[PDB]
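Quick heads-up: it's one chain on its own, the form deposited in one PDB entry, in structure tokens.
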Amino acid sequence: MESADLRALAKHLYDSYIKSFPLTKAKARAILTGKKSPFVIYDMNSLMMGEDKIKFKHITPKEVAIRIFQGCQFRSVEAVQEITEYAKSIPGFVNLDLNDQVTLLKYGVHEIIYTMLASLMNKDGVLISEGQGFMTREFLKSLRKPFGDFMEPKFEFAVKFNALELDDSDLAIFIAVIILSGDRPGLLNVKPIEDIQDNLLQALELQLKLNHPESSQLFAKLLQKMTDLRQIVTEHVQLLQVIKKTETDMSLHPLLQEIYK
């Protein structure tokens, strides 16, 4: 493609990413740096006041560590719908075979959730409830049994990912590249998927050169992070399996379990 068309595609994706995701990285950073303060959850008593005052919707029908864990599952289900609507704006995506559309979303949403979660994280905690709350890393890491070790890998990835200093216009193309992965299992027609991904990679490459001209081989370094994502997603799955087979206090209402499947 011609440079001018790559810029058009980049601009198209940025506008749609703004409409699909309510809390952007730009806004989240304004909150985290200190540049209406968020309510801070740093221990058991401040958690209690937070749901009493802000009323986090990932709450009400239990042990605290379980309630927090399920809260992360609730938000993840919300995010899937936001990612799904974004994918529809990627040129060519809705023209793919319907089963392949479903397959790309199924295997891609986990990598995108971790990616975008880094936008809401710093080394000390994570924004919640569209940025109205902030949950400290320490409070999370101090949850009992396997739950303490659940959130820490996310922070460790986020600290390293954020060192790249990407902005929302970079991330919108990066997220698109992840969705159009031609190596997802069960794809019926790989060729148009890889054809779209080639366009997106060209647009990401030019975007990074123009937006970060002093950041040598940022393109390559960002592609290398797709290894960190694939690796952390697999660990996540293994962590769930261990919770499912050991924690008898996890059962929800059957309808809820279905929503959260």
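Rigid core: the largest C-alpha set superposing within 1.5 Å between the two forms. We number the residues from 1 along the sequence you see.
Quick note: we don't show the form solved in complex with a partner chain, though the next part is all about it.
Undergrad: Counting only non-hydrogen atoms and a 4.5 angstroms cut-off, does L105 reach its partner chain in the deposited complex?
TA: It does: once its partner chain is placed as it appears in the deposited complex, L105 has a heavy atom within 4.5 Å of it.
Undergrad: I'd like to know if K88 sits close to its partner chain in the deposited complex, meaning any non-hydrogen atom pair within 4.5 angstroms.
TA: Yes, contact at 4.5 Å.
Undergrad: So in the deposited complex, is its partner chain close enough to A4 to count as touching (4.5 Å, heavy atoms)?
TA: No - in the deposited complex, heavy atoms of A4 and its partner chain never come within 4.5 Å of each other.
Undergrad: Mark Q101 yes when one of its heavy atoms lies within 4.5 Å of a heavy atom of its partner chain in the deposited complex, and no otherwise.
TA: So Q101 counts as contacting its partner chain.
Undergrad: Please determine, with the chain shown alone, which of 165-173, 134-142, 116-124, 90-98 has non-hydrogen atoms within 4.5 Å of its partner chain in the deposited complex.
TA: Partner-contacting stretch among the options: 90-98.
Undergrad: Taking 2 Å as the cut-off, check whether the CA of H253 shifts that much or more between the shown form and the other one after a rigid core fit.
TA: Comparing forms between the shown form and the other one, the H253 CA shifts at least 2 Å.
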